[PDB]
Amino acid sequence: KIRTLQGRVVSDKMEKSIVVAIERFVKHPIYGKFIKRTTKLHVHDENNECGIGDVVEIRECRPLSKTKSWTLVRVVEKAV
Amino acid sequence: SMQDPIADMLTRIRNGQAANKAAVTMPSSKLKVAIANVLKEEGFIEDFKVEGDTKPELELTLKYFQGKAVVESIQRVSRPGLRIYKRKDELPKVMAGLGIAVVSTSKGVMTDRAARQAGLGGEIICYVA
Amino acid sequence: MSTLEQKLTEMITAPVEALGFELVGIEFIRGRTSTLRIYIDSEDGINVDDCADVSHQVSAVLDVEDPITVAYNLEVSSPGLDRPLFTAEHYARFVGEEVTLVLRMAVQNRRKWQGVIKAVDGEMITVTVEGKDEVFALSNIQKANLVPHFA
Amino acid sequence: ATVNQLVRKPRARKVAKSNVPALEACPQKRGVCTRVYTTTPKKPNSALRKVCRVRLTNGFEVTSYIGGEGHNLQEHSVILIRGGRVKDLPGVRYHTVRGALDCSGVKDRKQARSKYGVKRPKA
RNA sequence: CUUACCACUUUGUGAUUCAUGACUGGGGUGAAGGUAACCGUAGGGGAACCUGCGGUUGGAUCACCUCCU
RNA sequence: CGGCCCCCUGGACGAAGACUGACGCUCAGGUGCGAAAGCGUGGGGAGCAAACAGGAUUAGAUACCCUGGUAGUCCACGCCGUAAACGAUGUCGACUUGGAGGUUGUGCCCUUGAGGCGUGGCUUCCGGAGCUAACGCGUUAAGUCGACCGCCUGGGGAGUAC
RNA sequence: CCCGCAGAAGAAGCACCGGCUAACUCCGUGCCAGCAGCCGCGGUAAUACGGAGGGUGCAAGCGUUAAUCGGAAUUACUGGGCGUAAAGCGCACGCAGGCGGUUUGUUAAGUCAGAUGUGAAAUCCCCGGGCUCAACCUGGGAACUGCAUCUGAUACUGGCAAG
RNA sequence: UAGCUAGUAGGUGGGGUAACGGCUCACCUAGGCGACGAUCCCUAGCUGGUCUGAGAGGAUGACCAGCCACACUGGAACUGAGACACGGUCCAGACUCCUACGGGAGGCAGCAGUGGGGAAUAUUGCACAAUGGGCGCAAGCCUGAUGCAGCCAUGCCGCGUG
Ligand SMILES: [Mg+2]
Ligand SMILES: [Mg+2]
Ligand SMILES: [Mg+2]
Ligand SMILES: [Mg+2]
Ligand SMILES: [Mg+2]
Ligand SMILES: [Mg+2]
Ligand SMILES: [Mg+2]
Ligand SMILES: [Mg+2]
Ligand SMILES: [Mg+2]
Ligand SMILES: [Mg+2]
Ligand SMILES: [Mg+2]
Ligand SMILES: [Mg+2]
Ligand SMILES: [Mg+2]
Ligand SMILES: [Mg+2]
Ligand SMILES: [Mg+2]
Ligand SMILES: [Mg+2]
Ligand SMILES: [Mg+2]
Ligand SMILES: [Mg+2]
Ligand SMILES: [Mg+2]
Ligand SMILES: [Mg+2]
Ligand SMILES: [Mg+2]
Ligand SMILES: [Mg+2]
Ligand SMILES: [Mg+2]
Ligand SMILES: [Mg+2]
Ligand SMILES: [Mg+2]
Ligand SMILES: [Mg+2]
Ligand SMILES: [Mg+2]
Ligand SMILES: [Mg+2]
Ligand SMILES: [Mg+2]
């Protein structure tokens, strides 16, 4: 219903923030070997709730910092 | 280590019928029998069978016409190294349709001619003339 | 050392003054494609066609008197804007023109300078480098070329 | 080799430099001759390779081959060179264009008159 | 009228460079004989070559004068 | 890697099970090993021997030969990290005619020695199809395939300059 | 644009002709020279240089140069190699990475199918229309291989679970 | 070119903006970013497309259309819906220009055109009849947009030279 995207958390050290590395797997333009491409997306995490290495769902919102334009809807797994 | 059954299934046929053997055996698996039957079900091999309990053995019967191997060129196209998928409109041709291409469509593994009739795209397993 | 260069100059002097032309610029260098360059200072104009008449004349005399350790690679040459001048007749005619001079036994503050000629002596030249006219002894100078003003 | 290597490092397209640098892609580049000279071929052959020394407008000083005969050029002549090279003489990658404004066109030519500016004979 | 900002500037202080240009690392350079080739290294030293050690076989040189279906 | 013996220890192979349960393969970067020569310090010191020394021998002895002979060669501990370090053939797997061998296992059975049957590992040599430019390679493939890495792009310049 | 007028009347050239490549003789010529994109050409005979005839090719142009792609499988994705021709690191271990036996279940990421949205017009291409033809202009379409979303499908890959 | 970074990565609070926001401040934290190539230097307007190629590709960004940036050089805002404004303002600079020497003026990368550069590229044209745009009720006015002409074998296509 809403555009949403899931990623693993590279880091949570940031106060009230998380660094999320999301993986997207693609046909390759010349050859055709599908290679993983990752983005160091800055994500707003309230509560400083998540933990480093967790898997988590994320949705975009109005920009909120110099680098953070996304906020987390919910977490999928836990207890990493 | 071994990293592909199908390739080893194929060459075993190729090198097998190269030595003009009668029937070549290899450990069974779903894809294999799925693959293997399509040959006979197309006429590429005489017949096949599975033997043993808790042990996988596939023994398929080759065929020769006028002292000549019935299959002549068999190439695994989608490889464990690089995977290959083709949309229905774009399913290739082998020797201008004289050859058959094995395509794993979502509904079932089948011949590309049937896949075009089914209007379905799939992973191109291999070629055979 | 002069490889009989004076003898070669005498051998090629007769043809150059034979068709009347005027001799400057004797040079030879052995090596890969060993070659010698002969310059004709034609006042009328050094056309390669005028050079052509001199070149057949000098080759015909040269074959009978082939030079020692010198190959048949003569360059009948117009003395270009940067023609090299060695005699005091040149600097004499080259009254107030600049020249770049390099010498054999290089030393700290050697006469490797480029400047305008102000006076001419048989063994010495006065040439304005360092912002002052200075004595140059062509005795140790084995290479020197007249320079046009350029960018 | 293995595509996994190509994705690490793809096929570098083999670079290829031009064989006529003093042109800078301009199909012709005028320059002023600086000294003309003929040179002698080795012992077996006697010939007058007619080539001249020319500084280009852009300071690229080079030599240019002088084709034909009857040319009245000498130092300070302001000629126009063009692409092409002669296999026999090394170091010559450019030839002038016969019939250039400074050049006097080769006289008495009744064939191939476009390659020398020899105008159609009035006849 | 004064405060902050800041162009230009100036001072030095460097770096990165771009040329000009005095000067210097280096591709080409103007016979008594004993002969498989080589590789790594050391020394002789103009250098090369030979020698020292260890290793390899890759254990030979050379070549120029016309036809239609 | 080469006397004998002891002490310390790594790896391979076979037989027969039992055991875990895909725990695997490759490897940029990365560490490590790494002939000879050389270097540092200390050794040591027979033989051998660069260099050197002498004797013999032409523009000139020089080279060639003798007779010496230092470093070195050895040890200890450092350093160097290159060799035609080559099978000029990356690693792992699977498949595909044969004959001859060597070598180390081990089953069976003759009366066992022997001998007969087997069945493993390593290794040598021919040679089939195959492949290869050819030479050749040819179940230890340079054959038929797979997975991954390294690597090549005219010769010289140059494995040089920076 | 049409009508009239007079009269063949006002209107052809460049390149090449040894090979590659269509098109050949004659005299010059004396290594003089020239010619050259290369291989090569040249002496007493030169179809390769100069000239004449003759011929080829194009054509109001014809040539030369530059320049890019092609040819070039000559960076080889399609589509190359590495015993000796250039090319397997001296050898090993090993992180990252790449890849992965077999069975069932789940997932739907890959993938596939469909749909919707978008992918400007021109350009290209098809079928036309209009300029007397053509170029040119123009109608309609196709195409724009993409992207996003929704629905799907589950063989394979992946994930998850158990083997 | 392997590290890069302190308003730097984030947080609170305030201010600030049409609006989000280190936009900016105050403080708080000490992060963030890089071999999935940061950083740096060097080169370059981008796209629809164009050229080449059987294709994949490769090369390209002249004309036309979309977007961006720039308007002597540097800096600044003002006004306005919209500008940090090509034929607007101010400051600095260079240059040119005027001068009474005290000061002033100026910006063709609009259209023509000159000089220069260069192998090389055109008219100091006509008209606002058409389409457009401005202002205006309109009439109409303005428009080097545009429509046309001139120049040039620059190209394509057509035709003639019987
Ligand atoms: Mg002559
Ligand atoms: Mg060895
Ligand atoms: Mg040693
Ligand atoms: Mg000696
Ligand atoms: Mg020592
Ligand atoms: Mg090596
Ligand atoms: Mg092999
Ligand atoms: Mg000709
Ligand atoms: Mg190619
Ligand atoms: Mg090759
Ligand atoms: Mg060799
Ligand atoms: Mg080799
Ligand atoms: Mg790994
Ligand atoms: Mg995996
Ligand atoms: Mg699997
Ligand atoms: Mg369109
Ligand atoms: Mg159209
Ligand atoms: Mg029509
Ligand atoms: Mg699965
Ligand atoms: Mg705030
Ligand atoms: Mg543009
Ligand atoms: Mg333009
Ligand atoms: Mg305002
Ligand atoms: Mg304005
Ligand atoms: Mg203006
Ligand atoms: Mg203008
Ligand atoms: Mg000019
Ligand atoms: Mg007006
Ligand atoms: Mg025309």
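Worth pointing out:
- Helices in the protein assembly as shown, meaning DSSP H runs of at least 4 residues, each add -39500 (n - 2.57). Divided by all residues, the mean residue ellipticity at 222 nm is -4500 deg cm²/dmol.
- Peptide-level mean, for C:44-56, of C-beta atoms on other protein chains within 10 Å: 5
- Placing +1 on the Cβ of every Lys and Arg and -1 on the Cβ of every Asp and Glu, with nothing else charged, gives chain B a dipole about its Cα centre of roughly 360 debye.
- Furthest towards positive pole of dipole, C:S55, D:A22, D:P90, structure part the protein assembly as shown, Cβ charges: D:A22
- Result for chain D in a Gaussian network model with C-alpha springs under 10 Å: among D:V54, D:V15, D:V106, the largest mean-square fluctuation is at D:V15.
- For chain D, built as a Gaussian network whose Cα springs stay under 10 Å, the top-fluctuating residue of D:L23, D:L89, D:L48: D:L48
- Assigned charges on the beta-carbon of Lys, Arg, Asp, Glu; chain C dipole about Cα centre (debye): 940 debye
- With the simple model of a label 7 Å out from the Cα in the direction of the Cβ, C:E10 to A:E15 spans 10.3 nm.
- Chain D: most fluctuating residue of D:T40, D:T63, D:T96 per GNM, C-alpha cutoff 10 Å: D:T40
- Based on Cα contacts under 8 Å between residues 6+ apart, chain A shows a relative contact order of 30 percent.
- FRET efficiency, 1/(1 + (r/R0)^6) with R0 25 Å, evaluated for C:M124 and C:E22 via beta carbons: 0.50
- Chain B: relative contact order as a whole-number percent, Cα under 8 Å and 6+ apart: 22 percent
- Taking the range C:55-151 and dividing mean pair separation by its residue count, relative contact order in percent (alpha carbons under 8 Å, at least six apart): 29 percent
- Listed residues B:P5, A:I30, C:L101: farthest to the positive end of the dipole of the protein assembly as shown (Cβ charges): B:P5
- Under 12 Å, Cβ to Cβ, from C:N140 - net charge with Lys/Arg +1 and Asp/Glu -1: +4
- Cα centroid separation - the range C:7-86 against the range B:29-99, whole Å: 84 Å
- Residues D:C33, D:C103, ranked from the fewest to the most other C-beta atoms within 10 Å, line up as D:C103, D:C33.
- Footprinting exposure proxy ranking of C:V64, C:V147, fewest other C-beta atoms within 10 angstrom first, gives C:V64, C:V147.
- Computed from the C-beta positions of D:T2 and B:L98, the FRET efficiency with R₀ = 41 Å rounds to 0.80.
- Among residues other than A:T38 with Cβ under 15 Å from its Cβ, the summed charge is +4 (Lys and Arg +1, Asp and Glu -1).
Methodologically, a virtual Cβ is constructed for each residue, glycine included, from the backbone with ideal geometry; neighbour enumeration extends over all protein chains shown. Where a number appears in this text, it was derived from the coordinates with a stated rule and is not lab data.
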